[PDB]
Amino acid sequence: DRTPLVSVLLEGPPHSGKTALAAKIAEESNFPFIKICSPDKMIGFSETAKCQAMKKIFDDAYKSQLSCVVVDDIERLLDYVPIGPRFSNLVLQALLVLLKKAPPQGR
Amino acid sequence: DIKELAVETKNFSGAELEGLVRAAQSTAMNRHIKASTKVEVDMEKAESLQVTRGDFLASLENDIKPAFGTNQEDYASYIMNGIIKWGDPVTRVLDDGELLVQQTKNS
Ligand SMILES: Nc1ncnc2c1ncn2[C@@H]1O[C@H](COP(=O)(O)OP(=O)(O)OP(=O)(O)O)[C@@H](O)[C@H]1O
């Protein structure tokens, strides 16, 4: 009741099969509302479009009594590459702000 | 008591002050109407209508909400678990805040 918002990070080396485990846990949660945000459906988008899409997906989850959401392959979401390095700042700020916004009271 | 309401209704305009009274009045009249299979005014107690403080408080907390400034809905979110005096520094911080606000008011 004190903590209406919790989060966790799964990590490991490549080809260890982690996204599958996250999907399994989410499916076993038995929550009414389950959605998966993946880069596979944002090919070629400009960063603004990514921000808006994530905002919409999250907003849809504030209208239920119980929700679970999965963020997949964060590094691909930021457009990261070792050289430089080079990344998108706007999306990173969006995420950082969006991991501590509590939902409407009672959810 | 009028003074309590006058003090508590902050940022209200004239129209909202009228609306509060209207909503408060509606409550008793509703208390006397039984609408389950056919709207039927009682008339056996309609000669005893009274308006009590609880009606005003409920109407304040549920129906009317101003459209200016900061209200309870914000302080509720930002201060989620209140303040607990676990040591000395809390009092010191609050005292410094008091000094600063007083200086701003007077100087
Ligand atoms: N015990 C298991 N744990 C996880 N995945 C398993 C297991 N047994 C079989 N699999 C299968 O292995 C595959 C794991 O691939 P997955 O996409 O989850 O890996 P990934 O870590 O996301 O990949 P990458 O890191 O390259 O992006 C899936 O087909 C999954 O169903």
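Just above sits the structure.
## Points about the overall build of chain B
Okay, so step 1: A tally of regular secondary structure across chain B gives 5 helices and 2 strands.
Okay, so step 2: Reading chain B from its N end, one meets helices and strands in the order α-α-β-β-α-α-α.
Okay, so step 3: Its C-alpha atoms give chain B principal-axis dimensions of about 65 × 35 × 25 Å.
Okay, so step 4: Burial analysis of chain B (107 residues in total) assigns 14% to the buried set.
Okay, so step 5: Nonlocal contacts in chain B, meaning residues at least 24 apart in sequence, comprise 61% of its contacts between residues at least 6 apart.
Okay, so step 6: Surface exposure of chain B reaches about 9,300 Å², of which carbon and sulfur atoms provide 55%.
Okay, so step 7: One finds the centroid of the 12 positive side-chain charges in chain B at a distance of 1 Å from the centroid of its 18 negative side-chain charges.

## A short note on the overall build of chain A
Okay, so step 1: Per the secondary structure count, chain A includes 4 helices and 2 strands.
Okay, so step 2: Judged by the C-alpha coordinates and their principal axes, chain A covers about 45 × 30 × 25 Å.
Okay, so step 3: Here chain A holds 107 residues, and 21% of them are scored as buried.
Okay, so step 4: In chain A, the share of contacts with a sequence separation of at least 24, taken over all contacts with a separation of at least 6, comes to 70%.
Okay, so step 5: Counting 14 positive and 12 negative side-chain charges, chain A places the centres of these two groups 5 Å from one another.

## Some details on the site of the ligand
All names here are of chain A.
Okay, so step 1: All residues adjacent to the ligand are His-15, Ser-16, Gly-17, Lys-18, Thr-19 and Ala-20.
Okay, so step 2: Contacts to the ligand include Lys-18, whose side-chain N or O atom sits 2.8 Å from an oxygen atom.
Okay, so step 3: Within the backbone of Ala-20, a nitrogen or oxygen atom sits 3.4 Å from an oxygen atom of the ligand.
Okay, so step 4: Within the shell around the ligand, the residues separate by chemical class into 1 nonpolar, 4 polar and 1 charged.

## With respect to the state of the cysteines
All names here are of chain A.
Okay, so step 1: In the structure shown here, the tally under the stated rule is 0 disulfides over all chains.
Okay, so step 2: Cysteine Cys-37 is unpaired, with the sulfur of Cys-51 as its nearest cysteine sulfur at 11 Å.
Okay, so step 3: Given a relative accessible area of 7%, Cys-37 falls into the buried group.
Okay, so step 4: Among the residues examined, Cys-51 registers a relative accessible area of 18% and is labelled buried.

## Side note on the pairing of strand β1 (residues 33-37) of chain A
Residue and element names in this part refer to chain A.
Okay, so step 1: Two strands pair when backbone bridges link them, and β1 and strand β2 (residues 67-71) are joined in this way by 5 bridges, in the parallel orientation. Residue pairing across strands places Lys-35 opposite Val-69, the latter belonging to β2.
Okay, so step 2: Handedness of the β1-helix α2 (residues 47-60)-β2 crossover: right-handed.

## Remarks on helix α2 (residues 14-32) of chain B
At 3.6 residues per turn, the α-helix brings residues three or four places apart onto the same side.
Residue and element names in this part refer to chain B.
Okay, so step 1: Over its 19 residues, α2 extends 29 Å from the first C-alpha to the last, a length consistent with the 27 Å expected when each residue adds 1.5 Å.
Okay, so step 2: What α2 keeps buried is the set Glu-16, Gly-19, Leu-20, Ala-23, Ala-24, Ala-28 and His-32.
Okay, so step 3: Against the buried residues of α2 lie β1 (33-34), β2 (40-41) and α3 (53-62).

## What to know about the side chain of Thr9(B)
Residue and element names in this part refer to chain B.
Okay, so step 1: Within the fold, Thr-9 resides in the loop between α1 (2-8) and α2.
Okay, so step 2: Residue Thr-9 is classed as buried on the basis of its relative accessible area of 13%.
Okay, so step 3: Setting aside its immediate chain neighbours within four residues, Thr-9 contacts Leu-17, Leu-20 and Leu-60.

Rules used throughout
Residues numbered from 1 in each chain as written, not as in the entry; some residues may be left out. Chains lettered and ligands numbered in written order. Part of a larger assembly, values for the part shown. Heavy atoms only, no water. Helix = DSSP H or I, 4+ residues; strand = E, 2+ residues; numbered from the N terminus. Buried < 20%, exposed > 50% of the residue type's maximum accessible area, 1.4 Å probe, protein only. Contact = heavy atoms within 4.5 Å. Areas by Shrake-Rupley, 256 points an atom, 1.4 Å probe, with all protein chains shown as cover. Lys, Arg positive; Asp, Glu negative; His and termini not counted. Charge placed at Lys NZ, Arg CZ, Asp CG, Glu CD. Near = heavy atom within 4 Å. Polar contact = N/O pair within 3.5 Å; in protein donor to acceptor, adjacent residues only side chain to side chain. Nonpolar A, V, L, I, M, F, W, Y, C, P; charged D, E, K, R; others polar. Disulfide = S-S within 2.5 Å. Pairing = 2+ DSSP bridges. Right-handed = clockwise from strand over helix to strand, strands pointing away. Expected span 1.5 Å × (residues − 1).

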